[PDB]
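Supplied in structure tokens, the structure appears directly below.
Chains: A, B, C, D, E, F, G and H, in written order; residue numbering restarts at 1 for each.
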Amino acid sequence: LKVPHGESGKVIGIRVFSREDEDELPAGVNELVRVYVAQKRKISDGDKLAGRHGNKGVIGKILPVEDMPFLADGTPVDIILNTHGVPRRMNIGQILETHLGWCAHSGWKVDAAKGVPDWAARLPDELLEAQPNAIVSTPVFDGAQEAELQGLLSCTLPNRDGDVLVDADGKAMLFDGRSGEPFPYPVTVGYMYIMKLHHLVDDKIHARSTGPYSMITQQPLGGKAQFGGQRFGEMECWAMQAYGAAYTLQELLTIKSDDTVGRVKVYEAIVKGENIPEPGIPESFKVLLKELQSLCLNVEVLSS
Amino acid sequence: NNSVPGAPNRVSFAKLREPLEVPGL
Amino acid sequence: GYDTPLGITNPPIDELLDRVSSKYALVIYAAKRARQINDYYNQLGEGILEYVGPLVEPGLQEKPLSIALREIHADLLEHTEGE
Amino acid sequence: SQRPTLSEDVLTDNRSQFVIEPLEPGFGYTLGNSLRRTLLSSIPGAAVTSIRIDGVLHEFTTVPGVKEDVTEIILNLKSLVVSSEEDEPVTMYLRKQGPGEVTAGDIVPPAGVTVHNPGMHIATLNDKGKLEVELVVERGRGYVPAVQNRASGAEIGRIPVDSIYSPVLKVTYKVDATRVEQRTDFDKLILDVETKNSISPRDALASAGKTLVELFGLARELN
Amino acid sequence: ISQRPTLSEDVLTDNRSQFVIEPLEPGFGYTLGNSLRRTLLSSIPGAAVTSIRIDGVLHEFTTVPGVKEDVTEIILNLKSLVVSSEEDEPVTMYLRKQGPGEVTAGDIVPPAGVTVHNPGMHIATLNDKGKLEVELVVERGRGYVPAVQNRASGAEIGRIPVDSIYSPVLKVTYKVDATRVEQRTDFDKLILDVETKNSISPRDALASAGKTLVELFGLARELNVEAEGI
Amino acid sequence: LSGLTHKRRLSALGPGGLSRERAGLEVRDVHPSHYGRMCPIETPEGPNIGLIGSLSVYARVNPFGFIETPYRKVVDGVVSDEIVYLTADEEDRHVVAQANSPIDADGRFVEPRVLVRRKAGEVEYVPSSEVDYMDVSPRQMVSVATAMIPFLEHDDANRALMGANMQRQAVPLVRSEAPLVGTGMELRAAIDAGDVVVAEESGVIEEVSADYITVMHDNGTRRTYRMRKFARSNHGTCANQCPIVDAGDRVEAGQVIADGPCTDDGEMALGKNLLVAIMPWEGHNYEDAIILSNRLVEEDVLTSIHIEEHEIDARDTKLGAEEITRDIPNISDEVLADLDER
Amino acid sequence: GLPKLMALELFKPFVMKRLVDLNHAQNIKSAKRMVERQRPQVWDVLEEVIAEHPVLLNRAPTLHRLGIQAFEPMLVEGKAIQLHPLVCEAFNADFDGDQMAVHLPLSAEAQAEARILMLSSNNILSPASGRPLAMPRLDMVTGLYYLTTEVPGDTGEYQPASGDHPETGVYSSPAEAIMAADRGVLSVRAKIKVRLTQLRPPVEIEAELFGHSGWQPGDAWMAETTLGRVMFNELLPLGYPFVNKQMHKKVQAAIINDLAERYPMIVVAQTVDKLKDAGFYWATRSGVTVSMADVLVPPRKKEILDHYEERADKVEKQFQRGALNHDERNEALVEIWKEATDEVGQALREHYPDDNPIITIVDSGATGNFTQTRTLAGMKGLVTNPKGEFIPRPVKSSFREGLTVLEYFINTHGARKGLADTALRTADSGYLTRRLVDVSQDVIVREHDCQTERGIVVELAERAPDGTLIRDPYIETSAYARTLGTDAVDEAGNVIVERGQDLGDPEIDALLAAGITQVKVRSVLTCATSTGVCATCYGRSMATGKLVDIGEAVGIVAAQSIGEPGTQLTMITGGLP
Amino acid sequence: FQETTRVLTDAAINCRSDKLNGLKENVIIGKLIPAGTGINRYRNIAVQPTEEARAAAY
């Protein structure tokens, strides 16, 4: 047994079951041994991410830390989201979630010397004074209203430098990492919860140039684990016909799927500098012949 | 009103009280 | 009368169509010449120079098909139609 | 009317402010951004490369007597900061036995290296177990994946660790413009930098300045 | 760390140029490009016109008598004139003609030092029995400065400040291209593009900009002593 | 969370049930009697839409098999603290009030007119006296997965369903962090999940270790809990437990002692907290694409662990029995340099 | 873009051959082993061996002709196949986990085939209609709209001579304007009077200022526009007349179509790439974001809602009288609430200024419609039911303010039904497309011309009894590319379009000018060819832009074109059935 | 397409010899499709450098 195509990592443990030690085993077996391989994966390109409001996405590019936009106090952001997808999908809740997350993270202190503001009438008496990295919870169908967020965003505790970053509306002034000059208009920022989906990229990526061939169908195996080639649907044949491309279709159907001698000869020619010889008769056609000749139907060729 | 003994404290925007705890899931 | 392109799109397609009757003929009209060029390269070590090498001076390790397309644009080849 | 610039320093506990002026209009932003970009990624440093834990064959396991497994201690050790004077892999030791706590100050560095934050908490030990860990300290710049040691083909007892050679932590700048109609139209740059205490801000600024000078020297030569 | 040296290539055209720097460490593409472009655009000293005068007109609403062109057209034509000066103080210059015909920059009498690098440039045309006298001042500076910054200037009759261009280069553009020096296959390839006036060559403008930038970063380097790669 | 949802799932197909083709399309739509029993949001995205629901938060199965739902009966316009459970038939035959309707602290209806749900698809204001039943909580119709999506009253049905389905596909990270904003049904959904141990009796911990813990009961009986470390999960991910207790603390009964995967101090944590910005940036975030800072990569903020699994067996054959052996015909020593003697 | 880990394993034989040629190994087995070990001596050969080697991409499942392109590979790190933004529409792909295969031609014949025919840059025009498909689609359009937008009373705008002060706002050349904008004294979008020198003026000014003598590079003329418009026009190919109007998506489509119909494909592709780059650069600085202060509630919605609820109560009392039945009550309620929703939407539109990001996005044709904005800010209104009839209970709140439990429960039905409808529609369209492809497999252009005379007559444009001429609303489809059967001689003896000359945009315009209404056009329906159809009858091709070439299959193209739009076909039914 | 047995029998009885015409059969066999670059009008082309090039090639 060998490691399949596209696996690596440490060997953490080995379990071996022996019939000598009076270990129950399936009938007709003597020694079944299983090996566990553990690999640590770091998030990379081609990985899925999505919040709790159903907004999927993929990592288009991972810029250096020195290139991302940074707040006026030098705090580079960690992720940038597109804006055209928010109003069309109509998931405005995530904007409120980001605002509330920023408010909770920065900590707030609502003024009360002159009395509770009208917008803060229903706030719990113990929720008027928070600390940095505070924790807040909004039960479904019963949470902070728009006025509550408006009031809270206007009383966030200042940074240790003495200045407040975001405005009342929640936007802030950034600085481009490439040009180095501030953007003409403010942008929204905040902390939003991000999960990690199971559709990783390492599982998907796969290549196959030459490898084991099936014995019953004479075709390359299938699947990433078996190191097999990809499928070629009939719609692809229709497309190739549409362009009028002929030799390409001939190769795809004959010289790279079935013809054994064709594969050997073309591989050798590529290894050398010789031109690729023309394909031959696909195995499918010859099998069809030798099978239809079995029904007493004399199928001639008429090469003339 | 943290039923469990030592759960982390996180004040909530509570306005209404539920008269029963969530039953065993 | 336009900016010089870069990549495999040089020479352009419309220029070539001015020479060949149709785009479907051009592909073979160039592939056969590329085959002849590859054959000449194969026999470069020793043999008969019946398959005259490239007409236009090639670049630094350019594919034979690129040479064929770049010399066809120079109107240096003659061909017969179907049979 | 026309004077060369001058750089002065305003000091604080660990983060220093640098003031540069007068600069021609519309030119402070680009200079500040260039300095910031060259500061956060091209400052040489040193950091742990690979560890060696006695009695342990790999990283996905534990060790009796400790409260957290190998992965947690590796994550904690990533925060360790060290400065290398020699340009070769040096070796340290960490031997602590019995109940109590193990901190960054329990390492016995060899000559030519130092640990500047002895207050870090690595882990804790129960009386049952002990601990002896050997770690390497190489000098590099930027950031390197841990897998670099995978291809070296060492023995089983070697565990790669990601290396992060960067003493700078945060940098920011603001421009104080003077857009009066007088020919005194200039801008004043206010650059602030903070370091991990491995090197003072002046050293990092000098290194970045030298890097940019050497890089731009290729253009001053007559073409 | 020596790493790999970065050589500056070059391409030539009538008056344009495409300077190429290859290869660069990942991320240094913009770090060079932006600052270098700004330095080239607003660092090189130069000379240009600042204000003009027309005794034949009291203000700017109307046009000078006996001339086909308009006052705004005259200002635009005279602004693009390329003037090189070697004297710091602002010197004057006079243009005078009589009778029908045209006027060219080369016909303007230059005082000592100042010179015009384009004598065939057109300014305007005169009809029969036409005349115009102008007294334009020339000053040396750097970069671009609008006439608004020169609004308050003593008291005169027909002083009409004009937006000057104190720079021999007027256009710059650059990009970044990926390159493969090793398995990293991410190294940047700066592609600069400059188009200067007739008073300087692109390569000498670039050398002066590099000189100025290196002198500027000499302050940063001088604070301490420490070396790096080539 | 995925395991809990699977345990709470309500299938509608399979043996003894209708097939996909014969099942009508109308059955896949909501019914005015679904309120309080089956969540209308949570549902698979695939073709099995509407055939797989989920119990409500407060739903309980009656001994016969008819789902119930708690209610407090208003006798004479005054709310009653005591609650009763009603089935579909009895619910239809009575008047059910609205939980969100304001109610005075003394149980008096401030509003004379209160909206109400009627026999089927009928809602209309009625005097504040004839009303008979009132709901318990506003969250009485949401599922367990959907109950922990903040600001669910602002999103769209399709978006809410998509987010609920996405929440069941997270991957356990190495260093989890509790969300800054999240409903109050996180810790409760984690304690009942079973993947977190908990003390049975209020005792005092004598010593703790990365592999096992020993708590001393107040009656003098010592007990030990063993925590599996780095054991392959049923779906290929990893599972671990890290005690969050110190030596010499009198831990009360019912207090979490260890945090399993996707947990932080006895509460669910399926992700991290990132600083987001909303703006198109050079088209790299074009059409749902995303850009990430290298700080996450170089700080293991979103680093996960996956454990593979392989097995080989040597079964007897008519031609003989196969045996695992270090030696192998025609192989260089380097290739087998890793195999041991066995 | 191709990941190196994939390209190296995909070009293994070529790399081995070229490497053994370079004497980095001794034999083939050693070369294969070294490639397996991936020594640093392989990367250079790998870069050298794929200089002009095309590859084939295929998004699964391919649907139409343009679903299989042929791009030049380029090495890049990572494990994701990079792609060009403007080709995603061809595959109808979304950058959210879609996966596509990658093939590779081996023989020297397949290389030329994929390099000439299947190349991406030669397929800008969709086969359905002779109009380009690869155009600014989603985001860069917003950037172009922002760049070309005009605003009054900006900083540095043009002003007239005010007594003793000159007239400011005139720049010698675009370079000076760019420098001024960089300095910070000229907004990118303001009224200016620049002096262009390398841009042909519009015909209205070209024929006047130069007296039709003909513009050439080096001729100056005083324009009146904004710097953004000049910067945009600089992207267009040289010689194109100046365009001086705000760039709505319709204007973008018209400009792109005109460029495609007047210039070769390569120039169109180059200008499209440059325009996309400019739009991406300028989209970021447009300042388009989302915040609570952006979605603004209507100011007086409460009064309108109260009045409509009072009228609803009136009709409720009318029903309580017992004169009316349930059906009449439902009709009255639905119509009343539809009117109320319309009024609230009108008020909301009247409220928002022209600065909110939502308004800027929706009005610029970037995406969405006003109904979504009304739902997000105004009223969601009545919602569908499982039976399809509108419930008598309307929602009185927007998503911003916050719904209630009952409203959400009622609303879920529409999403469920839409999901089911899409689920069935995809399969219906697939089956229809398969059948349509099956029926017409053996149609091919054999002969060059059948020299037949029967040509179907189509009314080009009707002449109004009172007006002079009205363009037919379907001339774009019936007679746009067909070959003219007979010359459409004007009333006089002059010939405006000669026999055989293919029709087109300029020729259609010329015919419209001549006032001709009835035209006989050569058509394929009456082809006299024994097998297939002659090339002349078929007429101008779609993807080529010229007459079809002999041997080209037409049946497959027609089947794909007719079957592709089957996905959106929904409900004597009027939908796909 | 359909009813393979009946059509096969009918063709066999008549000994219907059919040329490789059309696409579907020609792709089932594997021979070059008689469309696009497959028609005999283009499959048989002889191309050689013009005599002028050969005279001036060296």
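The rule is simple: a residue touches a chain if its C-beta (ideal position, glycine included) is under 8 Å from a C-beta of that chain, and two chains touch if they have at least 3 such contacts.
The chain list, named the UniProt way, goes like this: C = DNA-directed RNA polymerase subunit omega.
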Central chain of the complex, centres being mean CA coordinates:
A
Cα centre of chain A to Cα centre of chain E, whole Å, reads 51
Rounded to the nearest Å, the gap separating the Cα centres of chain A and chain B is 36
Separation of chain C from chain H, taking each centre as the mean of its C-alpha atoms, in whole Å
25
Whole-Å gap separating chain D and chain E, where each centre is the average of the chain's CA atoms
44
Residues in chain D with touches to at least two other chains are numbered 25-26, 30, 33-34, 37, 41, 60-61
Mark out which residues of chain A touch at least two other chains, giving numbers and ranges.
12, 38, 44, 56-58, 60, 64-67, 75, 82-84, 86, 90, 92-93, 95-96, 135-139, 141-143, 179-180, 183, 187-188, 199, 241, 243-247, 273, 275
Which residues of chain C are in contact with two or more other chains?
24, 27-28, 35, 38
Chains touch one another in the pairs A-B, A-C, A-D, A-E, A-F, A-G, A-H, B-F, C-G, C-H, D-E, D-F, D-G, E-G, F-G, G-H
Under the definition above, what is the set of chain H residues touching chain G in their complex?
1, 22-24, 34-39, 41-42
Once bound in the complex, which stretches of chain B touch chain F?
3-8, 10, 12, 16, 18-20, 22-25
Spell out the residues on chain F that touch chain G in their complex, using ranges where they run on.
25-26, 28-30, 34-35, 40-41, 45, 47, 49-50, 98, 100, 115, 117, 121, 123, 138, 141, 153-158, 161, 278-283, 286-289
Sites on chain C touched by chain H in the complex:
24-25, 27-29, 32-33, 36, 52, 55, 76-83
Counting only contacts in the complex, chain D reaches chain F at residues 60-69, 71-72, 75, 78, 126, 128, 143, 162, 164
